[PDB]
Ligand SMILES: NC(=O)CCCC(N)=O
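Only one chain is included here, represented as structure tokens and corresponding to the form deposited without pentanediamide.
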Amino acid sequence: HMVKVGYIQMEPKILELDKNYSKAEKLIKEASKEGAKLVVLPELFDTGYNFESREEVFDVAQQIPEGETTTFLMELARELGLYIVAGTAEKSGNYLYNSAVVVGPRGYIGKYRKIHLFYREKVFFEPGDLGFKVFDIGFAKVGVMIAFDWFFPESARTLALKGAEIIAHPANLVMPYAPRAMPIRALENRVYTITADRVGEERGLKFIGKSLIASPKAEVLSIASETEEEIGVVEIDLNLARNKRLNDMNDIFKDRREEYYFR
């Protein structure tokens, strides 16, 4: 029930897939040496974010799972004996999705397509259509959401109600709020959250860094710099997430009264 998990805070270079693979590899190898068994990369780590046209992203985006990003991550996950959740631009026929892939030693585990698109993403990407999924990685059940999904408390709630013990959260954050909000998402659901943000400025848009890992008690177990590429790895206690008792008398999920919600 104790396991080491981490974020990889990196600076994707827009449209330079090979360079971004190399950077991810370097940092993930560092995280593996610290003992991480699950690592999370940022939203759109492979392509970058701040596109000018649909064409330029459509021309580089890879299919999941046959394409280059997924195959790269598979090789790395098997080499290092760990699980990776990573944000990537997904080409599916004529459509692009803002996706996250989950890989492990056995290969491709599954994917998530961003349900709540943010700002100009609606110009490039189709809204996600697979719902909120929880993946079994043996030592834990891991839910995935991407960036702006944090804003909707229903995102994490749905993952937690489906049995997520850890929420892996690839992100490219631009608003100042997520670092204050994510510990509340962790607290209200009694889960661990791993927000992996990028850094840098990209065609005029500044990302905020501040990747963080939050506990079921709203503790910030690790928080990154605003500007620097870095990893954060911490040991988490999965029993703290499986036990929904806030105190002796209140189990948070048994205390929900659905008949009074949304009505």
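Numbers for residues come from their place in the sequence shown, where the first is 1.
One more form of this protein exists, namely the form deposited with pentanediamide bound; it is left out here, but the text below deals with it.
Steric access to the site is open in the shown form: after superposition of the site C-alphas, pentanediamide as positioned in the entry with it bound comes no closer than 2.4 Å to any backbone or C-beta atom. The stretch in contact with pentanediamide in the entry with it bound, judged by heavy atoms within 4.5 Å, is 41-49, chosen from 26-34, 41-49, 214-222, 56-64. Contact check for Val174: a heavy atom falls within 4.5 Å of pentanediamide in the entry with it bound. Among heavy atoms of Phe132, none comes within 4.5 Å of pentanediamide in the entry with it bound. Heavy atoms of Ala164 never reach within 4.5 Å of pentanediamide in the entry with it bound, leaving it off the interface.
Although the partner is absent here, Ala178 lies within 4.5 Å of pentanediamide in the entry with it bound, judged by heavy atoms. Annotation: in the entry with it bound, residues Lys114, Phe118 and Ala147 each come within 4.5 Å of pentanediamide through at least one heavy atom.
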